[PDB]
Amino acid sequence: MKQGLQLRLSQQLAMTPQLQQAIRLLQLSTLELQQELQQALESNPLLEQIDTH
Amino acid sequence: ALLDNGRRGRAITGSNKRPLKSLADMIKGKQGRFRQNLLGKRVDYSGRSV
């Protein structure tokens, strides 16, 4: 009956997707996966990788 | 550790329980540049035998 942009309180049935997260890790090869892991290690102080030094 | 390994504290070692070599290690010692490559060297046109 009308086409407008409004702010209102309604009761609606809502759908939403739930897939995309952590799926990018499957396609990556081992070398790119290690590079991404290094990038994650740099930003997160609580992540460490096993070393022999 | 990069500049001079083992001078301050405990030396950082590799997987073989052997301390790594730093720039100072290459500079000095009986295996450094001065005594191994500059005061003496291997040469061409030379041989040896009994």
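I will try to describe carefully the structure that is included in this document.

Parameters at a glance
Per chain, the count goes from 1 following the written sequence and can depart from the entry's numbering; residues without coordinates do not appear at all. Naming scheme: in the order in which they are written, chains are lettered from A and ligands are numbered from 1. Here we see only some chains of a larger assembly; the values are for those chains and no others. Side-chain measures were taken over the full set of non-hydrogen atoms in the model, leaving aside hydrogen atoms and water. Residues with missing side-chain atoms are left out of burial classes, side-chain pairs and their counts. Every helix listed is a DSSP run of H or I at least four residues long, and every strand listed is a run of E at least two residues long, numbered separately from the N terminus. In this setup the radius of gyration rests on C-alpha atoms only. A globule is expected at 2.2 Å times the number of residues raised to 0.38. Accessible area is worked out with a 1.4 Å probe on protein chains only. A residue is then buried under 20% of its type maximum, exposed over 50%, and partly exposed in between. The protein chains shown are the only cover counted for residues, whose accessible areas, like all others here, come from Shrake-Rupley with a 1.4 Å probe. Each patch is assembled from residues with relative accessible area greater than 30% and no salt bridge, linking like charges that lie within 9 Å and nonpolar side chains (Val, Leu, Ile, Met, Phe, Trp, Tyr) that lie within 5 Å. Salt bridges are defined as contacts in which a side-chain nitrogen from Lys or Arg sits within 4 Å of a carboxyl oxygen from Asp or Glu. Contacts: residue pairs with any heavy atoms within 4.5 Å of one another.

**Some words on the overall build of chain A**
Each helix and strand counted, chain A has 2 helices and 0 strands in total. Its C-alpha atoms give chain A a radius of gyration of 22 Å, clearly above 10 Å, the size a compact globule of 53 residues would have. With respect to the three principal axes, the spread of C-alpha positions in chain A is 70 × 25 × 20 Å.

**Section: the overall build of chain B**
Helix and strand content of chain B: 2 helices and 0 strands. Taking 10 Å as the expected radius of gyration for a compact globule of 50 residues, we find that chain B reaches 16 Å, considerably beyond that expectation. Considering only C-alpha atoms, chain B reaches an extent of 50 × 25 × 15 Å along its principal axes. Every one of the 50 residues in chain B was classed for burial, and the buried ones make up 10%. Accessible area for chain B stands at about 5,200 Å²; split by element, carbon and sulfur atoms hold 53% of it.

**Describing a nonpolar patch on the surface**
Residue and element names in this part refer to chain B. On the surface, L2, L3, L23 and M26 cluster together into a nonpolar patch covering about 430 Å² of accessible area. With respect to the secondary-structure elements, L3 resides in the segment before α1 (23-27). Exposure remark for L3: the relative accessible area of 64% places this residue in the exposed category.

**Notes on the pattern of salt bridges**
Residue and element names in this part refer to chain B. Within the structure shown, the criterion is met by 3 salt bridges over all chains. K28 is the salt-bridge partner of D25, the closest N and O atoms lying 3.5 Å from each other. You can call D25 partly exposed: its relative accessible area is 23%.

**Regarding the environment of B:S49**
Relative to the helices and strands, B:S49 resides in the segment after α2 (33-38). In this structure the C-alpha to C-alpha distance between B:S49 and B:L2, which are 47 residues apart in sequence, comes to 44 Å.

**With respect to unusual backbone geometry**
What you tend to see is this: most non-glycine residues have negative phi, and most peptide bonds are trans. Even without a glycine there, the phi angle at A:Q20 is positive, about 160 degrees. Its location among the elements puts A:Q20 in the segment before α1 (24-27). The backbone of B:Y45 sits at a positive phi, close to 55 degrees, despite the residue not being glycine. Along the polypeptide, B:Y45 turns up in the segment after α2.

**Observations concerning the side chain of B:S22**
All names here are of chain B. Looking at where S22 falls in the secondary structure, it is placed in the segment before α1. Residue classification places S22 among the buried positions, given a relative accessible area of 5%. If we skip the residues at most four places from it in the chain, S22 touches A1, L2, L3, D4 and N5.

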